[PDB]
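In the block that follows, a single chain appears as structure tokens, in the form deposited in one PDB entry.
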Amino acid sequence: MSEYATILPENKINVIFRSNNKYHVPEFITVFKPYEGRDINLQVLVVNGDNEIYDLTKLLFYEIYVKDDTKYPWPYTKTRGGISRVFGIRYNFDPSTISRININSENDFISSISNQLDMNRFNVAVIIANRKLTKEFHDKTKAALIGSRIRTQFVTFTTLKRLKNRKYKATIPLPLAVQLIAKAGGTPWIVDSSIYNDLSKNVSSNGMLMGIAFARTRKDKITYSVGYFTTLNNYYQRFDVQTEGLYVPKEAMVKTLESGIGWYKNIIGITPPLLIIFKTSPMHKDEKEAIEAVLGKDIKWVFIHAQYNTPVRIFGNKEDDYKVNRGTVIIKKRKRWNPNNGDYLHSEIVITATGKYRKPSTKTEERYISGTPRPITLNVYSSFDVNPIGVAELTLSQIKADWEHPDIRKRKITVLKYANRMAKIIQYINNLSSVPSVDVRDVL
């Protein structure tokens, strides 16, 4: 009723780890083991550098992740050793298969990496090169290996040199390691979907998600992808693949909605009881007509526009300076909402995702960021009386899946981020045959 606000306790958007362990800190992957795992067979391919670079690759990918003698910290747990000891994965790598790739002309990088890339022995192919080369070959490589089993994990010379600080040596490894155990086929964690109940309390924890994002460049041309997400506490099925503006034409939007419906149906075929559609731009008229045409009254839907560039700022309490707790939600319902007419804007929910947070002391200690929080605006359109608190909780948990940022310090929606990445990658794919269904791990 009216405009109100609250703070969501951090221990309500928990994530699930091995043995069905619920906790609100993704880094507790070091204590509860990954929700899923696959044997990792690294192929560390290095590009022209210097002896220090190779020594640093050996230090990172062998001494830390393999050698149990090297007692690495691995926070939140007293266990020491490699990945096979801390997480419970079959990590495999030897410091003699690292390939000394060299290039001397344009396009040599991709061909050389393809020749040095192996399928049967290795499923993860780390690539080590200077920023000049990665910045301009990374998207091309990702597109080239799309669909295939060779998932690359790039690394820059600066990141390796950072390992000598002994401060970065204690923070860069773990986030990278999770990526490894996610790009070999594993699932570091999933998101507890019980919060979905607070959405409506008239549907089970299951549902459907879809975030349309736009990649600008495409040689001065707007493009986009779709992204999909679903959770049942046991399945994830995160598949993400696919225009004179930041909107989906009517035809393309109808095709996208039908394709998402068919995808979910191929999963379990229960005629999705709920369709949540994130988007990084306002609901265009074309998309509104498409939603009415395909969904109509058959499916309950919630179209959430996630406005990052917003002017709203939130301070308060006048005592802890003017810093604001991380999970703060300002809800404003809209009385002028959908008299069965076609005015679908239900409410507006301003959520702060970056602020004060209490992470475990590792021995809870209050922590803050540098600057002022930039909350997100959740412009919600719905065909039913959705609960703004449930929408905020769902969005928070959506920010958290993210097997690239194991922390609670980020705000972007993961589905939208990977949809934008897929849109950028679409540039350099010339075969739309197996594209219709690829995994996020390809463009993780």
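Superpose the two forms; the largest set of C-alphas matching within 1.5 Å is the rigid core. Numbering starts at 1 and follows the sequence shown.
In this entry, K363 is separated from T364 by 4 to 9 residues of the deposited sequence that have no coordinates. Coordinates are absent for 10 or more residues of the deposited sequence placed between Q242 and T243.
The same protein also exists as the form deposited in another entry; that form is not shown, yet it is the one meant from here on.
Among the residues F93, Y236, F154, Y72, the single one whose Cα moves by at least 2 Å between the shown form and the other one, once the core is superposed, is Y236. For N325, the Cα coordinates differ by 2 angstroms or more between the shown form and the other one after the core has been superposed.
With the core held fixed, the Cα of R411 is displaced between the shown form and the other one by 2 Å or more. Note on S397 and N317: their C-alpha atoms are more widely spaced in the other form, a change of at least 3 Å from this conformation. Shown here is a form in which the CA atoms of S397 and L232 lie at least 3 Å farther apart than they do in the other form.
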